[PDB]
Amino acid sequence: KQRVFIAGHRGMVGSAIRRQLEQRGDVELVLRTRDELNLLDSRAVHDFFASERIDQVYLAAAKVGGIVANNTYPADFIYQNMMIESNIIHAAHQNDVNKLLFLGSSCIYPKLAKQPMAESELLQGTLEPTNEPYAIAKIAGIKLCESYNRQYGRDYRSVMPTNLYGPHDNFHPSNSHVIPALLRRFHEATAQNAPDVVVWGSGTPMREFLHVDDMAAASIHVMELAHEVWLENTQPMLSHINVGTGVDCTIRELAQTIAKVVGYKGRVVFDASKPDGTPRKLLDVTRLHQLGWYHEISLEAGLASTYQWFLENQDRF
């Protein structure tokens, strides 16, 4: 029976992986809350890895935030993520954990990358300023993995997810991520019966979204793939695998779909006097598809179920 440590099991992605691994007895979960184990503490982390018998590690712990947070607390974002990665990856190796899955991020790719973005797009150009500190910490995490794989013959894999959404997301008004922000706004506009909802921009830019449950499934899939199969579809110094749908949709389509899901009857209005971001941003998921994994949750279905979760848990935001 495999003993799996899911770091950051309370977070959005961490909890999703947990929900799925809990539904099978060939795995035994070892979980620690931030109060039980502070991942920033090296000694604490090494002690934990020395005391427990861990077979696999899902590194889903991180200091995550929106546009305001990343620009307001840059030092916290680069430092905490660098330490959490270093502590876990080093401790795992020191205590013979051979399997580990590192979760990166799509905001790690160059601002002006070629679309759709293949894995080789990594380090090909300057990063988006807002995400720079966080992005550097994440890239360093991938290279730590590749470096341990090379030097010690470890099996530390990594996946790069696209924009995620689903239960346990930050539905707070402070969150800048489009899906949870719009679900919230359309929910209130519907409740207060507002004549319209104004969204900044033209609505023409194209984005990609993946439901967190699909994300968890793909993660477990990549983690459990045969080592020979994984080596065959990656390179030692370009080992990360993009995880997404490969399908993009306009912000207009997204907003209009959310309006429908929520039962909003007013008008959705795009204020084109405000600037748009990059015209298009989506991942090339060829590598993942060749590894035999395809997403199951469509946008409409995922938004409807996420809204349902939001309804049962709104007294938390």
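Throughout, we count residues from 1 along the sequence that is shown.
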On average, are the C-alpha B-factors higher in 185-193 or in 210-218? 185-193
When the Cα temperature factors in the entry are averaged, is it 287-295 or 245-253 that ends up higher? 287-295
The residue of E232, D76, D155, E132 with the maximal C-alpha B-factor according to the PDB record is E232
Have a look at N170, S239, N163, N71 and flag the one whose Cα has the highest B-factor in the entry. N170
So where's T306 on the chain's Cα temperature factor ranking, which third? lowest
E146 by Cα B-factor - lowest, middle or highest third of the modelled chain: lowest
Position of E224 among the chain's modelled residues by C-alpha B-factor, lowest, middle or highest third: highest
Among all modelled residues of this chain, ranked by Cα B factor, put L31 in the bottom, middle or top third, i.e. lowest, middle or highest. highest
Among modelled residues of the same chain, the CA temperature factor third for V178: highest
